[PDB]
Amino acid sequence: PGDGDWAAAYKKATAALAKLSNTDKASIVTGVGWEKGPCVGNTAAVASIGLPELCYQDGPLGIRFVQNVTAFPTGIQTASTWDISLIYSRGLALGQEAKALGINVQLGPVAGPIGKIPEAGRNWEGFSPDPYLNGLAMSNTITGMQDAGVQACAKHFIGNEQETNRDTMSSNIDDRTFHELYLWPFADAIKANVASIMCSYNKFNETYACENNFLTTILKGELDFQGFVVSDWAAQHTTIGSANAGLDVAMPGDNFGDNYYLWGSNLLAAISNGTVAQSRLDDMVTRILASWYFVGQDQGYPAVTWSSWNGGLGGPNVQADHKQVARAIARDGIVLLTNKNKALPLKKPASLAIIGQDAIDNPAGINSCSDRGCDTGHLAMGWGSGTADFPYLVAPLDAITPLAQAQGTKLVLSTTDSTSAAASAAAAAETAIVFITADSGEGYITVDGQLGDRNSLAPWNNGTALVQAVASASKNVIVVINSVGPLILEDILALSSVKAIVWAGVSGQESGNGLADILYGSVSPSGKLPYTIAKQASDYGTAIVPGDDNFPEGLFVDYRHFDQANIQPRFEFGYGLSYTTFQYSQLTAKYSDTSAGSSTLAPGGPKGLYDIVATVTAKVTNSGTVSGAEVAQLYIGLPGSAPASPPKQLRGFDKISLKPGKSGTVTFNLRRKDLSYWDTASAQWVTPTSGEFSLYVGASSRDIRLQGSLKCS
């Protein structure tokens, strides 16, 4: 208790605990019931310690239900920027809104799923199937949010990698894979002093996550987590199991509104009858209060004056200037995939056809589908709990129209997905931009026959067939794709008239502004893929399973698999084009700390794991004729002394903006953990001590420009 930065918080918490009755304690750990409070979850106020009715509110990309809030870009769009400054700023901006509404706990960001299964329906909420990128995104988002004064909640712990049967299936993950891959972003989150972690709906090793003692042995033991664990909604199964496993808060308290509470008086009964220790409830409360005090919510926090259930009305307008970071991520997370002799940026075309319903806002209304449970009109968010009501949505045509008008280009509109009207409009313009999508969401909503998870890696809404129609009647086609995740693009790429493919992602309210910022060339695209785009779906080596998942692929997920199995992707992890080119030189690598690392336990694990032990640099030069930013990447290969591992693992990235002909330095600081592996034999992290690490610096997981090594001492 009080390890790391939490000692003053725990002191305040322990003092408060001493004033509480057992009924006070029970009310702090037991949600009031589904929809009974104004938030997605609440616990009762405890006036004797000045504790409010704690407010838990969705979701990761904006405040759910409440009006006059910002609908920020998705997690995966945010990761696609590879820009820690933007990542931090989105978290700050979200947390500013949450605090201003009196939200105590904002339910994000998302470390689980990482997205090991490309079809899985919630992967867009997260931060990629690369644990290093994911972890940097987690820590910068949390630090932002909590700097604004809200408690963040890293979710969903753990192994909820598909929506299909998520509340009955088991994920059974071997020790090494668990630590190196799926745990890794949660460990970064804990090191960044995340206030809370939510346990998942699925079984892990055959026991429900919220009933599994790993909450105590891994989160609170190995990782020395000082905050509190909250259930996913109605993910608690038993009174005694959950308490004893290490759950701290049961949300929403009952089984989605059934008025039956496994904790409440039932938990007091379990204590009275000897099956749960008083010390366990005391520990739960101490943790919840510690997190409250840790982010400073005990003095001068705003009150909730709105409800989730009355249309989201009653609160102040909290949008502030947050559209700025929303636009910057909508822009800078776009990934340019192809661009044949400078098709883009556009430059005063005489005429332009605009094709696809994705070009315009949903004609029925941008918030007309409950929880964004449709793929109709412009797609800027997936569906489920990780949503918000758009205050407005800039569709591509909204942004393009004035820009085209100023250049006197004529627009030929075909804003449905009709293939005949599409070919018709394509024939009538010099250049055609066609807009296609792919969507998915949380597994309580079915859209186009898909209950959360996607049933293929094909474009939705007959998108491939739309593009084929446009290509059949035009010599100059630009494809814009708004998708929640990887798609197989081989049919589109086989079309000789497709001159540029813009992977624009799913980017919130400012989507169409960010897109135009790139299409008309005000800014060079600088995004890089945060997942692999394969040539066929079977190449990922993962898929949605019908029963339990034993994770046989182990460590080898996304590019790690393509690399280990020698499968050429179509577009690799970390790939992205620019309107310029970059050249890399001058690699340096230096061990700055060859010592033994501290074994004193702190949140995140042994403190020495996070010491900076080495630094790598390189020089990057803009070799082209326009300005652009490049995302330099560092991949590490472990020595032969280590067990068999992916050939390359991302361990650094740095984004540099350069004017034409200019040069700068990129820097990658390596933690001891970044140079380690999990040794199941000794049940700990090992840092190799003979041989040499291989260092690969370049523009992608496969566009490696520099190579070096770090002697392992």
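Don't overthink the numbering: it's just position in the shown sequence, from 1.
Taking the PDB entry as given, 413 to 421 carries the higher mean Cα B factor of the two stretches 209 to 217 and 413 to 421. A summary of the deposited B-factors shows that, of 355 to 363 and 469 to 477, the stretch with the larger mean C-alpha value is 469 to 477. Of all the options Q297, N202, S272, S139, the entry's greatest CA B-factor is assigned to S272.
For the set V506, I197, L495, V631, the PDB entry puts the maximum C-alpha B factor at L495. In the PDB entry, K655 places in the middle third of its chain by CA B-factor. In the deposited entry, the Cα temperature factor of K116 sits in the middle third of values across the chain's modelled residues. Compared with the other modelled residues of the chain, the Cα B-factor recorded for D593 ranks in the highest third. Ranked by C-alpha B-factor against the other modelled residues of its chain, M381 falls in the highest third.
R570: CA B factor in the middle third of modelled residues in this chain (values from the PDB entry).
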